[PDB]
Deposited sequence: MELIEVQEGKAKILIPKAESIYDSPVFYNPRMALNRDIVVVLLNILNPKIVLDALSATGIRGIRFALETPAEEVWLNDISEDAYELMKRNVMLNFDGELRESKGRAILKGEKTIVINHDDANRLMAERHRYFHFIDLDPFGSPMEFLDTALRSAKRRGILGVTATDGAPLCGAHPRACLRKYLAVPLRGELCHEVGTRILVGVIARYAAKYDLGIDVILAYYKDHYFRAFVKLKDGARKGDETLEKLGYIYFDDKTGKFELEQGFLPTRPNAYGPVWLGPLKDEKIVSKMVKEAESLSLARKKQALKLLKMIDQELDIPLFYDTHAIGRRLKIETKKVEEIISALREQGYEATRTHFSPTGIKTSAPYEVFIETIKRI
């Protein structure tokens, strides 16, 4: 029936089954890294009232309460069996008695834990402008909840969205991408960043009508999923400035050369987007994350540090050059060094193991790898 496992400072019971998609209550251990990062981040932004929209086993919210400054943690899931496993796992990491009720339970101890058996769109809708932080971790696309989450979070709240929607976001299913994200995807060596930027840009677009803009705290790709942490800005002016960060991409698949164009609409044919052409991180914050992550007991510390450091030293410039792909048409360390000697900025990128982000033009990049 149930197996007791441990993640971070959390001890939970998960159903034992053939695969993760076969257990009555979902739990993907590979997502431990995803939860480490949000924990590291929360230990910086220090949100007071947080929400684990689609909790499943309750692991995320449970780690929120045990490993972060969060004072009021809300756990929610539409599934009855999940709700029951959530209540159990909560009482497995916290003391006192759970004052349960019809599909709703509460625990008022050092931290306040609100466990809910409800539909996320229903809960969030009841909780208008209530959370400092909301974490959306759905099966694939978050579009079904995005709009309601933008109304449930404080006008200055933080929104965490994950998208395991690789197929549409990476160009495999262009028509599916158009329906869910209202953007024309780009496949190929760049689809990892473009997919991430499409994600940020759709949040930016949905937030604008509430006269809200965004600041990307951190956005990255990893293990086939897209993560986006954004800070909401109050004001039509902020909203307008956000939409101004949107743009389109032009890509020559024969050469690997790409071009960017800032604007709500493109002005040339064969445009990819719209996508977020703004920053993909808040360097000041990401740097602290590396420091914080080192002083925390995460579930996958080594990988968490390895990923955070990569992003920390990474250039925040749109797109990059994949040495392997272009090669088809030397070592990355050597190319980077040769680029820096000439005075250009160049760094590795978490998007690709052979990718290089640089301020050098396509042409110079090609000349340099040839020398």
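Absent C-alpha positions map to the deposited sequence ranges 1, 331-335, 378, in order along the chain.
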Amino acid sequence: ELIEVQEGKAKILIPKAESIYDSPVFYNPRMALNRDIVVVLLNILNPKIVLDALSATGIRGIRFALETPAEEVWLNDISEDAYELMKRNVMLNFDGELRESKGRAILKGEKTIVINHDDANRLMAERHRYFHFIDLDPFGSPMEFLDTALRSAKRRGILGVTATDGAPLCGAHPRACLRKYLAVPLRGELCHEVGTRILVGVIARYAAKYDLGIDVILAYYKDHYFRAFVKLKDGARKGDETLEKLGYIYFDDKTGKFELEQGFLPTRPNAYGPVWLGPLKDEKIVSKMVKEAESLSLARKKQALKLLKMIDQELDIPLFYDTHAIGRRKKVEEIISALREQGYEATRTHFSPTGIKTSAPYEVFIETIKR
From here on, numbers count along this sequence of modelled residues.
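Per the compared records, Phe351 is resolved in all of the other entries whose models span it, so no third of them omit it. Not even a third of the other compared entries skip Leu13; each one keeps it along with the residues on either side.
For the two regions 94-102 and 137-145, the entry's Cα B-factors average higher over 94-102. Stretch comparison (362-370 versus 2-10) by mean CA B-factor in the PDB entry places 2-10 on top.
Ranking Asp211, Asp77, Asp252, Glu193 by the C-alpha B-factor listed in the PDB entry places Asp252 at the top.
Per the PDB entry, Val332 shows the highest C-alpha temperature factor of the residues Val332, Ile59, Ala53, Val38. Per-chain ranking of the deposited C-alpha B factor places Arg348 in the middle third. Per-chain ranking of the deposited C-alpha B factor places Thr164 in the highest third.
In this PDB entry, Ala125 carries a Cα temperature factor that places it within the middle third of its chain's modelled residues. For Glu261, the recorded CA B-factor ranks within the lowest third of the chain. Only modelled residues enter the ranking.
Sort the modelled residues of the chain by CA B factor and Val25 lands in the middle third.
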